[PDB]
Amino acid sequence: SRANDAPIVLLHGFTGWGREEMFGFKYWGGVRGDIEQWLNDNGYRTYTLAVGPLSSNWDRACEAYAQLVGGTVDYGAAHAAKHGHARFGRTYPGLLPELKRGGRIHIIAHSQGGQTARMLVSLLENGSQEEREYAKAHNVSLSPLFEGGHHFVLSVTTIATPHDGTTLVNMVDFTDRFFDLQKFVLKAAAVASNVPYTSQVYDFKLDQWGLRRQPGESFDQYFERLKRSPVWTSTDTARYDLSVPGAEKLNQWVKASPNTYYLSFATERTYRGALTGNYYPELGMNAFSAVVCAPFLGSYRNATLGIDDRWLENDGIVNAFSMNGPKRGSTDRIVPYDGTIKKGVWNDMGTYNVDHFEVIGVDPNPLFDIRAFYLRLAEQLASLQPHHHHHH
C-alpha cells in the first residue's frame, strides 16, 4: 500500500534528451510511448531530468541539482579549475522547489544515470571536502551542493547501470562505435545524422566546454568535432566514468547513503556458447548492439583488468555483472531481494531478459510489457516507508 507521496524523477544515461527534444520521441518510452505520462496518469507524480549525455557524472549531478531546486549550475571552483571548464553553466527554473522545504524524491535512472543518481545522493549528503577547502583557501563562493546536509532522495533505482563500468569502452574502435550509437538513437527517433538541421534536435548541453553544433553542421560533422574535444579526451567525461577503471574510481568515493533505499535491475539479452564459453546476442536485440557491440562484450576477457567469464553476459551495451551495484572499489553492500526492501544497501532485484534500449522502449520488444514493468516499480517505490522501525 501507499506509504509515501514522493514524486518520481527519471534520469537517462549516455544517450538522453528532454521531453521537447527529438521532435517529442521520448527517451523514457521511445517507440512504446511516454513512461512519464503513464505514471502521472496512474497517480504517480513523475518528472524528467535532462543532463549532458556525454558529460561526467559530476557535471551531470551538478546539473541535476540545479534542475531540481532551480538556479544556475555550479560545477565547483576546484573542479572547474582542475579540468579546465567553466564553473557556471546553464540556469534552470527548478522542477521541484518543494525540495528546499523538506520534500523527497525517488530517482529512476537508466544506464549511466545510475552512477549520476548515486553521486547526486553522495554530494547532497556529504558535500565535497575538496570544494569546501578550496572555497576557504581561495575565497570563492560555494554551492550548497558541496556543503552537505541535504537528504532529499528517498530512493534510487538503477536499470542497466554500469556500476563497475562496461568493457564496451575497451573496443579498439570504441570512439567511432560510440558515436555511431548516438547516430543509432537519432535513427530511432527518425532523425538523420547527415543533415544540418537548423532546429537543435538533440542538445548535448556542453555549455561548460563551450561546444555546440554550429549552423550548417550535421550530427556526423558535429560528432567528428566532439571526438577531438575535451568531452571525449579528458577524464572529466562519461567516457572515463563508463570505463572499468573510471567506474572503480567513482566507487571509491560514491557510497550508499544509510538514509536511502537502493534498487538495482539488471538486463541481459544473450545466450552462452557451449564450446567457447562466450555470450552471443539473442534474436530481437537492437540491430546496432547485435552487430557492433554484443560480440565483443560477450567474448572480451582481460585477466590483469579482472575481466573474467562472469563479465560476458550482457544487454548489448553493458556487462550484466556490472549492474547489481558497485563492487569494484566499493564498500557498498548488495543483498538479493527476498521480499523485503532494505535501506542503505543495494536491493538486487535480479535480471530481466530485455536489451539496453528495449528496457526504456527505444528499441521494440512486444514480449516485454513495459507499461507493467514501470507501474509495478512505481507501486513498489510508493510503498517504501520514509521511516523504518526496528522490530523482530
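We number the residues from 1 along the sequence you see.
Between 177-185 and 111-119, it is 177-185 that carries the larger average Cα temperature factor according to the deposited entry. The deposited model assigns a higher average Cα B-factor to 379-387 than to the other stretch when 14-22 and 379-387 are compared. Ranking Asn259, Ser234, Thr161, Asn314 by Cα temperature factor from the entry places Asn259 first. Highest CA B-factor among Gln214, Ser243, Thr270, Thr267, as stated in the entry: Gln214.
Ranked against the other modelled residues of its chain, the C-alpha B-factor of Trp38 as given in the entry falls in the highest third. Annotation for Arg60: C-alpha temperature factor in the lowest third relative to the rest of the modelled chain, per the entry. When the modelled residues of the chain are ordered by their C-alpha B factor, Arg87 lands in the middle third.
In the PDB entry, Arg228 places in the middle third of its chain by CA B-factor. Among the modelled residues of its chain, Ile370 has a C-alpha B-factor that falls in the middle third, as given in the PDB entry.
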